[PDB]
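Spelled out from the first residue to the last, the chains are:
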Amino acid sequence: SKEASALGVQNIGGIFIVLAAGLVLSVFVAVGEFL
Amino acid sequence: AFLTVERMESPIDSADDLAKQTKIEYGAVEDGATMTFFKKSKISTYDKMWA
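Rules used throughout
Residues numbered from 1 in each chain as written, not as in the entry; some residues may be left out. Chains lettered and ligands numbered in written order. Part of a larger assembly, values for the part shown. Heavy atoms only, no water. Buried < 20%, exposed > 50% of the residue type's maximum accessible area, 1.4 Å probe, protein only. Helix = DSSP H or I, 4+ residues; strand = E, 2+ residues; numbered from the N terminus. Salt bridge = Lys/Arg side-chain N within 4 Å of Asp/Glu carboxyl O. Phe/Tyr/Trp six-rings, centres within 6.5 Å; stacked < 30°, edge-to-face > 60°.

Per the deposition metadata, cryo-EM was the technique used to determine this entry, at a resolution of 3.88 Å.

Participant: I keep staring at unusual backbone geometry and nothing clicks. Help me out?
Facilitator: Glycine aside, a negative phi is what most residues show, and trans is what most peptide bonds show. All names here are of chain B. A positive phi angle, near 35 degrees, is found at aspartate 13, a position not held by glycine. You can call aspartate 13 partly exposed: its relative accessible area is 28%. Within the chain, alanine 15 stands out as a residue other than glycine whose phi angle is a positive 55 degrees. Structurally, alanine 15 can be placed in the loop between α1 (2–8) and α2 (16–20).

Participant: What should I look at first to understand the pattern of salt bridges in this one?
Facilitator: Close approach of charged atoms lets side chains of opposite charge pair. Following the criterion strictly, the structure yields 3 salt bridges over all chains and no others. Note that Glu6(B) is salt-bridged to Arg7(B), the shortest N-O span being 3.7 Å.

Participant: Just to check I follow, could you spell out the environment of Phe37(B) for this structure?
Facilitator: Among the structural elements, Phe37(B) can be located in helix α3 (residues 36–39). Once the C-alpha coordinates of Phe37(B) and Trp50(B) are considered, the two residues, 13 residues apart in sequence, prove to be 8.9 Å apart.

Participant: What should I look at first to understand the packing of aromatic side chains in this one?
Facilitator: Any pair of aromatic rings gets described here by the distance separating the centres and the angle formed by the planes. Residues and elements named next belong to chain B. Per the counting criterion, the structure on display carries 2 aromatic pairs over all chains. Relative to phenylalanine 38, the ring of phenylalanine 37 has its centre 6.1 Å away and its plane inclined at 65 degrees; by these criteria the two rings are edge-to-face. For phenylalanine 37, a relative accessible area of 41% translates into the label partly exposed. You can call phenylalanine 38 buried: its relative accessible area is 17%. Through pairs of rings, three or more aromatic residues link up here, namely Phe37, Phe38 and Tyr46.

As structure tokens, then:
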């Protein structure tokens, strides 16, 4: 009966990794756009 | 989830609703004619109360 726990870092931790991966992929594909 | 947790429990918690729930503490005089009727006289929710 004790479940009033928020979506903490343990509950959601991979979102930072996926956004960082998206950012690095975006810059890595944008640098090649000029070439 | 928060809303379901707060609403599945009975806010009015009338009688039998107390047996199923365990968050709220409850009790009385030990064997002071309170649970003497509950150890015997098996009634479902009253049996849960005795347990």
